[PDB]
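Let me begin by presenting the structure, written as structure tokens, before commenting on it.
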Amino acid sequence: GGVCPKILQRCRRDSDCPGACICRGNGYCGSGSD
């Protein structure tokens with residue numbers, strides 16, 4: 001639950017996630033999908 005262009009992205013690091021998306025431990029950009 002957050003504004004992201006890519007709502008489903010895997011992450012290398014947090015800064016690789018676009019918008020409000022943060023990198024989670026599972027390796028996904030969680031915040032956008034959440």
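Note on naming: chains are A, B, ... as they come in the structure tokens, residues start from 1 per chain, ligands start from 1 in the order shown.
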- Name the residues in contact with residue 34 of chain A at a cut-off of 6 Å, using only C-alpha atoms, excluding same-chain residues fewer than 3 positions from it; report them as a VMD selection string. chain A and resid 1 30 to 31
Output file for the selection above: N, CA and C atoms, as an mmCIF file, in the first residue's frame:
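The result, stored in selection18.cif:
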```cif
data_model
loop_
_atom_site.group_PDB
_atom_site.id
_atom_site.type_symbol
_atom_site.label_atom_id
_atom_site.label_comp_id
_atom_site.auth_asym_id
_atom_site.auth_seq_id
_atom_site.Cartn_x
_atom_site.Cartn_y
_atom_site.Cartn_z
ATOM 1 N N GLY A 1 0.815 -1.173 0.000
ATOM 2 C CA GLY A 1 0.000 0.000 0.000
ATOM 3 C C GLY A 1 0.860 1.237 0.000
ATOM 4 N N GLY A 30 8.191 -4.076 -1.107
ATOM 5 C CA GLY A 30 6.988 -4.377 -0.369
ATOM 6 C C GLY A 30 5.971 -3.281 -0.313
ATOM 7 N N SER A 31 6.378 -2.117 0.175
ATOM 8 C CA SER A 31 5.474 -0.982 0.422
ATOM 9 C C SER A 31 4.524 -0.660 -0.740
#
```
- Contact residues around residue 18 of chain A with only C-alpha atoms at 10 Å, ignoring same-chain residues under 3 positions, as a list in words: residues 3, 4, 5, 6, 7, 9, 11, 14, 15, 21, 22, 23, 29 and 32 of chain A
- Task: Please identify which residues in chain A DSSP calls strand (DSSP E or B) from the backbone, and express them as a ChimeraX atom specification.
- Result: /A:10,23,28-29
- Task: Looking only at alpha helix (DSSP H) from DSSP on the backbone, list the matching residues of chain A as number ranges by chain.
- Result: A: 30-33
